[PDB]
């Protein structure tokens, strides 16, 4: 087991990335990590050198170079090197808390997509209210800005594989995000999904209930998925802000309420966003990650590697 790590991506990188690896080393004593970045800045945070190699580079993907030209031209950016390592068979998986668009490009043009999957999907395990050991997979969360009916069908297939093999959800319920109990897209996707007996399709799901466990896998196009996810996050943060302001004004019940709301909404506990439908595990850790979300990303990677979920996808399609 070997993981290539973009050490330079993230608001708190390289510190948060390295420290998150330090913690994950304790979870997983035999994983070897390759840390791609400027070694001087990385070394400052290394606490134990075992199963660590540093690959030095002074290049990193900028805020903001355009993603496909940066991937094709900045050949030594830390993220590019990490992805190339995976492509080469030098590593088994890559994660970055860096720019999402760049990682998508690296995923498409360096890691490669599984043949017969035209459009990989950005997928996260999201919150089920009251259920800390449950979640639901939703995709596409933003790999694509346009989708066709056939993409959403393969999202159901991809999402089900992950929910079942990685999260142990047997015969997972697949719902289609729609505008009632739809568009030309969702109309056609519904018909294809209802016709496939190998998918446990549960019909249309409503955005109002997404956080209440209506399906194990929710399928949508990348534009709607992006807008829904960020709508959920923006509303949650705005509700939490209201509490913070009252707290910053008996106060203990209110601090506990805020803490509990943060916990319910803390879905990076389940890992990062999988760029799923690619030839190896590639994860987008959220950009404001500290060490914990890095550590949860590595746990998710460990599970994907140990369950061989990507190689099974490959033999399924390829």
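Numbering follows the first chain given and starts at 1.
Trainee: Select one of none, 1 to 3, 4 to 9, or 10 or more to describe the deposited residues without coordinates separating residue 198 and residue 199.
Mentor: Unmodelled stretch: none, continuous chain.
Trainee: If you count the residues of the deposited sequence that sit between residue 63 and residue 64 but have no coordinates, do you get none, 1 to 3, 4 to 9, or 10 or more?
Mentor: Count of unmodelled residues in between: none.
Trainee: Would you determine, from the values in the PDB entry, which of 110-118 and 236-244 has the greater average C-alpha temperature factor?
Mentor: Higher mean C-alpha B-factor: 236-244.
Trainee: Out of 93-101 and 162-170, which one has CA B-factors that are higher on average in the deposited record?
Mentor: Mean CA B-factor is higher for 162-170.
Trainee: Among 180, 142, 127, 149, which carries the highest Cα B-factor?
Mentor: Highest C-alpha B-factor among the listed residues goes to 180.
Trainee: Relative to the other modelled residues in the chain, which third contains the C-alpha temperature factor of residue 222: lowest, middle or highest?
Mentor: For residue 222, whose C-alpha B-factor we compare with every modelled residue in the chain, the answer is the lowest third.
Trainee: How does residue 314 rank on Cα B-factor within its chain, lowest, middle or highest third?
Mentor: Highest third of the chain for residue 314's C-alpha B-factor.
Trainee: Give the position of residue 1 by CA B-factor within its chain, expressed as the lowest, middle or highest third.
Mentor: Residue 1: CA B-factor falls in the highest third of its chain.
Trainee: Check where residue 301 lands among this chain's C-alpha B-factors and tell me if it's the lowest, middle or highest third.
Mentor: It falls in the bottom third of the chain.
Trainee: According to the PDB entry, is the CA B factor of residue 132 in the bottom, middle or top third of its chain, that is, lowest, middle or highest?
Mentor: Tercile = highest for this residue's CA B-factor.
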